[PDB]
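These protein sequences, in sequence, are chains A, B and C. Mapping the first sequence onto this note's numbering, position 27 (from 1) lands on 57, and the numbers just tick up by one. Mapping the second sequence onto this note's numbering, position 481 (from 1) lands on 488, and the numbers just tick up by one. Mapping the third sequence onto this note's numbering, position 44 (from 1) lands on 32, and the numbers just tick up by one. Where a beta carbon is used, it is the ideal one built from N, C-alpha and C, also for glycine.
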Amino acid sequence: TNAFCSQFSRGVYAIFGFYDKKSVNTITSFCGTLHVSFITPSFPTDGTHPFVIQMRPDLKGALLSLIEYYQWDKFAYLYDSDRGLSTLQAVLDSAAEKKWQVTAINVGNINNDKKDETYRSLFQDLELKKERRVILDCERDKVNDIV
Amino acid sequence: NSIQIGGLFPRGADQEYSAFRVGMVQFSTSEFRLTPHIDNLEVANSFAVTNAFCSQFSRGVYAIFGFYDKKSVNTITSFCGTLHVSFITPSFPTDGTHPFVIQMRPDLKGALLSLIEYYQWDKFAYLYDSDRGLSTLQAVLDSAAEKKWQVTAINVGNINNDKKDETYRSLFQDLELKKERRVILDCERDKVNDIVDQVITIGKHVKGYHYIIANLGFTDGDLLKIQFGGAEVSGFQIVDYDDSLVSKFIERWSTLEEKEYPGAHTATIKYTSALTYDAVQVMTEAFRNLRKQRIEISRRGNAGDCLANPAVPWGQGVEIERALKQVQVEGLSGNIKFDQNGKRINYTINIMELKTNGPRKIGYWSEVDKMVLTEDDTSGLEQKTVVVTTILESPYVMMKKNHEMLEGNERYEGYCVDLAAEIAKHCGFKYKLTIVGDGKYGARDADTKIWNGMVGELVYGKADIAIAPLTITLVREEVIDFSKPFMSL
Amino acid sequence: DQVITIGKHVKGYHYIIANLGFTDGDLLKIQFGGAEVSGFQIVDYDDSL
Ligand SMILES: O=c1[nH]c2cc(C(F)(F)F)c(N3CCOCC3)cc2n(CP(=O)(O)O)c1=O
């Protein structure tokens, strides 16, 4: 908020920047009220929003297309709350219509000292159905930490 | 003295602002007067929430009471954590450890996970609305992996107003295909009413269906419509209408006028309004415990704007937070006690259940023990257990080889044990195999005229049927009733 | 209204309405659910007059 209003004082004609899950609502409301265009490489907002120009295209379509290609019916879906929950809602709604057996697990509330401790308890519970198909839904730092 | 506070209410918080002003009356003690402000706004609009916060911060407030949605929840906790202005809410409990936000909707995650374990579910649906995070969906999906559940969560949040009818109807047709008899409705009062209107219209409130309503508002929507039919709808409730403070309240709640206090002439309070009434109790006692320690606060009246850069804190703000979180008052929702974060600790959720006479408490959940199953421990009105009498005779009844480690109707085997199992599934009853006492078949004594054996237990009431090698004779036919012979010899 | 409330408009039930007024009462309420309600009508709404 305080950075957005300092831009509005100096009178800019476009605001380029990133947002998070905890700041997507702050931006799209401030940009939708004070009518200021916002170009972002962050995740596309889930919902018709004016005045916000998303540069990251979409992944909900291509991820559901790739699952059907490999003809999966019983995978596991490790996800991360930051960058939103839209892709989780996509694969859960397509699981009902296509008889999947998703085993969605939040892996984003992990602190960096019980890191190894929880991850061993994580893949323990994946051997409770013996899951051989995982969809890492994280971004680069946490993907390398799981790999 | 007088404490200035603030107010953030949605356009449509009629009963919540009514129950606010009722607690303004009843919790004044006139040494201090918590004079409030009013800033009716859109909660799902981060501009208006920011604007109204800074205005109140400008106008010298010590605690802001408001509601947030999941489009302003991170706007609230950031501003209230940077500028230390404490925030009291009855809205949904945040996912995390956000300080300086005192939250009164306690938790329904552990109560909902306990109730599914109680009914022994393995396949259910989880119709949810976005509406307040996804923290309850994420709790049941994490527990699905380890507790062998098969959640089938669909996303009833984005259904448009015009095409509501064809969308709900096509939804339960999909649940019909994979035969989802068990459904969990994680919506609020408005959308729970819209869903239960649709399960009636297509006829899925009949016997066989179960419906847990994941809401601390069970007796706050229309349940009369689904009370008959055969559905076994359960739920949760914090406002118990059978206790002292609530029964006093419903008396003075019903006497009010629906012209100055809207939605206040009934005998059912919404849980958001009750926790709003419980909030002014906490805000009173916290500044009363700030009167009791002889503490005065915040000589400011000055602070011109929230966006200060450098954002300057105010050191009394920590102390007001300290006061608000050690408030162990009791109110409409039970034992109001907060932890170090602002999340309600020890509290009680009444697991209600809807039956033909009405809603009916069948347990209570607390954080400390578990879901404690209350009374209705005895009242079931069973069919009957039928006392069937036989005698130890081969192959009619023989004790099984390992009869020491067995108990019930499976200690025994033989012809009459297999016969009693066949009589039970044609006549439809449940039986108790009972070897006779004396060890006779039955004979009337020549002197005392007392029947012994298996005839004597049917004449004298100690038995209900004798599935046994009992010979059809003349003197037994006069006192008991035989069937046609199952064995001629 | 009462067969809806106790849940007897589901599949398996039939309901002939002995009335020359079939499309003159609320039938939308019982149109979904599985009941096979028939009836009679003299006013045909597909003809000239
Ligand atoms: O109702 C009766 N049913 C009986 C059934 C049996 C059996 F065969 F075991 F089923 C026997 N036995 C026959 C051989 O000696 C051992 C037990 C006696 C029975 N008696 C006594 P009884 O008829 O006066 O002899 C009854 O009164």
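Beta-carbon proximity list for residue i, same chain, < 7 Å, skipping 5 on both sides
{"i": "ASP229(B)", "result": "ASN200"}
{"i": "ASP285(B)", "result": "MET111, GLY338, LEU339, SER340, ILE343"}
{"i": "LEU166(A)", "result": "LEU108, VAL173, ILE176"}
{"i": "residue 527(B)", "result": "Not covered by the structure: residue 527(B). The range shown for chain B is 8 to 496."}
{"i": "residue 515(B)", "result": "Nothing about residue 515(B) can be reported from this structure: the residues present for chain B run from 8 to 496 only."}
Proximal residues of chain B, C-beta to C-beta of residue i below 7 Å
{"i": "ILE(-6)(C)", "result": "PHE235, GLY236"}
{"i": "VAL(-2)(C)", "result": "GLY210, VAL213"}
{"i": "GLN119(A)", "result": "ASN162"}
{"i": "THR56(A)", "result": "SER53, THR82"}
{"i": "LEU115(A)", "result": "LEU141"}
Cβ shell of residue i (< 6 Å), same chain only, five flanking positions each side left out
{"i": "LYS77(B)", "result": "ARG139, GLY140"}
Chain A contact residues for residue i, given Cβ-Cβ distances below 9 Å
{"i": "residue 5(B)", "result": "Limits of chain B in this structure are 8 at one end and 496 at the other, which puts residue 5(B) out of reach."}
Interface partners of residue i on chain C, CB under 7 Å
{"i": "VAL240(B)", "result": "Going along chain C, no residue has its Cβ under 7 Å from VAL240(B), so there is no contact; the nearest lies around 13 Å."}
Close beta carbons around residue i, own chain, < 8 Å, minus the five adjacent residues each side
{"i": "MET359(B)", "result": "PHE225, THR226, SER241, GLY242, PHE243, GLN244, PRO366, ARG367, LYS368, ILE369"}
{"i": "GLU187(B)", "result": "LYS130, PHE131, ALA132, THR159"}
{"i": "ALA151(B)", "result": "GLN157, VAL158"}
{"i": "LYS154(B)", "result": "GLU124"}
{"i": "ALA120(A)", "result": "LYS90, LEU93, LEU94"}
Outcome for residue i when other beta-carbon atoms lying within 10 angstroms are tallied against a minimum of 16
{"i": "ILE45(B)", "result": "exposed"}
{"i": "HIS272(B)", "result": "exposed"}
{"i": "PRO80(A)", "result": "exposed"}
{"i": "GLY41(A)", "result": "exposed"}
{"i": "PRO492(B)", "result": "exposed"}
{"i": "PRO100(B)", "result": "buried"}
{"i": "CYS313(B)", "result": "buried"}
{"i": "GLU23(B)", "result": "buried"}
{"i": "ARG18(B)", "result": "exposed"}
{"i": "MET494(B)", "result": "exposed"}
{"i": "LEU380(B)", "result": "exposed"}
{"i": "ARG483(B)", "result": "buried"}
{"i": "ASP114(B)", "result": "buried"}
{"i": "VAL137(A)", "result": "buried"}
{"i": "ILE161(B)", "result": "buried"}
Within 9 Å, strictly: CB atoms of residue i and residue j
{"i": "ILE219(B)", "j": "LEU122(B)", "result": "yes"}
{"i": "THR96(B)", "j": "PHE72(B)", "result": "yes"}
{"i": "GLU429(B)", "j": "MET405(B)", "result": "no"}
{"i": "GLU173(B)", "j": "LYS211(B)", "result": "no"}
{"i": "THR208(B)", "j": "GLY21(C)", "result": "yes"}
{"i": "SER36(A)", "j": "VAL54(A)", "result": "no"}
{"i": "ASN416(B)", "j": "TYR438(B)", "result": "yes"}
{"i": "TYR69(B)", "j": "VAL56(B)", "result": "no"}
{"i": "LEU399(B)", "j": "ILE442(B)", "result": "yes"}
{"i": "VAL289(B)", "j": "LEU331(B)", "result": "yes"}
{"i": "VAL462(B)", "j": "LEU481(B)", "result": "no"}
{"i": "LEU41(B)", "j": "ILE12(B)", "result": "yes"}
{"i": "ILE474(B)", "j": "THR396(B)", "result": "yes"}
{"i": "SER65(B)", "j": "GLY311(B)", "result": "yes"}
Within chain B, the residues that residue i reaches when beta carbons sit closer than 8 Å
{"i": "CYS168(A)", "result": "None at all; the shortest Cβ gap to chain B is about 15 Å."}
{"i": "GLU127(A)", "result": "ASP181"}
{"i": "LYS52(A)", "result": "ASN81, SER85"}
Within chain C, the residues that residue i reaches when beta carbons sit closer than 8 Å
{"i": "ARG176(B)", "result": "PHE20"}
Under the three-state DSSP convention, the category residue i falls into
{"i": "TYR24(B)", "result": "helix"}
{"i": "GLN154(A)", "result": "helix"}
{"i": "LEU108(A)", "result": "strand"}
{"i": "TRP372(B)", "result": "strand"}
{"i": "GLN157(B)", "result": "strand"}
{"i": "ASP204(B)", "result": "helix"}
{"i": "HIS217(B)", "result": "strand"}
{"i": "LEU331(B)", "result": "helix"}
{"i": "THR70(A)", "result": "strand"}
{"i": "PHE243(B)", "result": "strand"}
{"i": "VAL486(B)", "result": "coil"}
{"i": "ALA70(B)", "result": "strand"}
{"i": "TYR354(B)", "result": "coil"}
{"i": "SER35(B)", "result": "coil"}
{"i": "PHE294(B)", "result": "helix"}
{"i": "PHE345(B)", "result": "strand"}
{"i": "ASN136(A)", "result": "strand"}
Proximal residues of chain B, C-beta to C-beta of residue i below 9 Å
{"i": "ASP123(A)", "result": "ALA160, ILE161, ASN162"}
{"i": "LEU158(A)", "result": "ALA152, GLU153, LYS155"}
Contacts that residue i makes with chain E (C-beta to C-beta distance below 7 Å)
{"i": "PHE54(B)", "result": "Note that chain E does not occur in the displayed structure, where the protein chains are A, B and C."}
Amino acids of chain A, ordered along the chain, whose beta-carbon sits closer than 8 Å to that of residue i
{"i": "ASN316(B)", "result": "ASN32, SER36"}
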